[PDB]
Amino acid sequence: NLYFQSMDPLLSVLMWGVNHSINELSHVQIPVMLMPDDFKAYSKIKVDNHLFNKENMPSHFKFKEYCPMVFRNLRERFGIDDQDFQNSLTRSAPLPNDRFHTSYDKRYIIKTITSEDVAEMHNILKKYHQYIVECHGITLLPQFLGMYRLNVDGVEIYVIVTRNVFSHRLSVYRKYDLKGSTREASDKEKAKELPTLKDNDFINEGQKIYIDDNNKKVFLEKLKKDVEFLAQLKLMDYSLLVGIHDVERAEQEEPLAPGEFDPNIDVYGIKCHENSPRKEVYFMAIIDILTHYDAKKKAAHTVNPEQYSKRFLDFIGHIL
């Protein structure tokens, strides 16, 4: 009984479009392998309703899905069933962060991107897909799950969907955006309830990350491979997003058990080691890897990707 209602018409078009894409794909054979043409494909749909469903949906809108075979294969390699994906994005409206949304069940992130971001996604997409194949989906890179263009009421936006780095169930009381460039959160920024700390806050507030030698060695090797892939694509300015769940604070502040998570859903979680001074769960992965060339060149009004990756790896290596 979904109607795709929301106060925001763009969200309705997004919900209707994801519903439509996934149902369309159920009428398209799963190929043995992706072929080059699948990486320049799209589907466009233009809808003009007259005096029909005039309360749930805008009457005039356009929905375009980029490379739908590829994003279907990607979801599959990331362990995501299309019907579940469909349910997560349509059973109830995505929630704003208060320009990014989460699905109502907190599984996926929905971000508005620019058209140069869409062009850069297409430039790295074959290489990205091959890398996901070769690492069997085990990576700290963002998991790109679908990419769309929406048009309603004379407004056009591009959006991309990725897996949430944070738990869909375990709450996060402290997050950092770490780069190795330094980077301090504003006084305004620390006024929020859920501020995004940065490199210098991580150091100055004495933050420790209590994971055992094995988990740390496994994470750093994954990180080094992922960041070397980014350096070859000449990408930079990405961050490590670090979310900390405090078990004891989650309990005092309100069928899986205390501090436990499903590593098949919250794929970035790492438990603290048995002798940590505080019971904690960490969620860590790489975010925001696209260049944003023109957005940043009009923002102004040097470090290369090789250098960037090495500062990055050295900083993360030092704080784990």
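Note that residue numbering begins at 1 and tracks the sequence as displayed. For clarity, a rigid core is taken as the largest C-alpha set superposing within 1.5 Å between two forms.
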{"property": "Which of 193-201 and 110-118 lies farther from this form in 6 other deposited structures of this protein, as RMS of C-alpha positions after a rigid core fit", "result": "193-201"}
{"property": "Higher-deviation segment by CA RMS in 6 other deposited structures of this protein, core fitted, 48-56 or 22-30", "result": "48-56"}
{"property": "Check: residue 98 without coordinates in a third or more of other entries", "result": "yes"}
{"property": "Other entries omitting residue 298, at least a third", "result": "yes"}
{"property": "Chain break class at residue 182/residue 183 - deposited residues not modelled", "result": "1 to 3"}
{"property": "Chain break class for residue 254 to residue 255, judged by how many deposited residues have no coordinates", "result": "10 or more"}
{"property": "Selected stretch [higher average CA B-factor]: 110-118 or 188-196", "result": "188-196"}
{"property": "Mean C-alpha temperature factor, higher of 172-180 and 245-253", "result": "245-253"}
{"property": "Residue, from 291, 43, 26, 49, that the PDB entry assigns the highest Cα B-factor", "result": "291"}
{"property": "Assigned third (lowest, middle, highest) for the C-alpha B factor of residue 138", "result": "middle"}
{"property": "Chain third (lowest, middle, highest) by recorded CA B-factor, residue given as residue 302", "result": "highest"}
{"property": "Ranked against its chain, the third holding the CA B-factor of residue 99", "result": "highest"}
{"property": "Record-listed C-alpha B factor of residue 83: chain third", "result": "middle"}
{"property": "Chain-wide C-alpha B factor ranking for residue 32, given as lowest, middle or highest third", "result": "highest"}
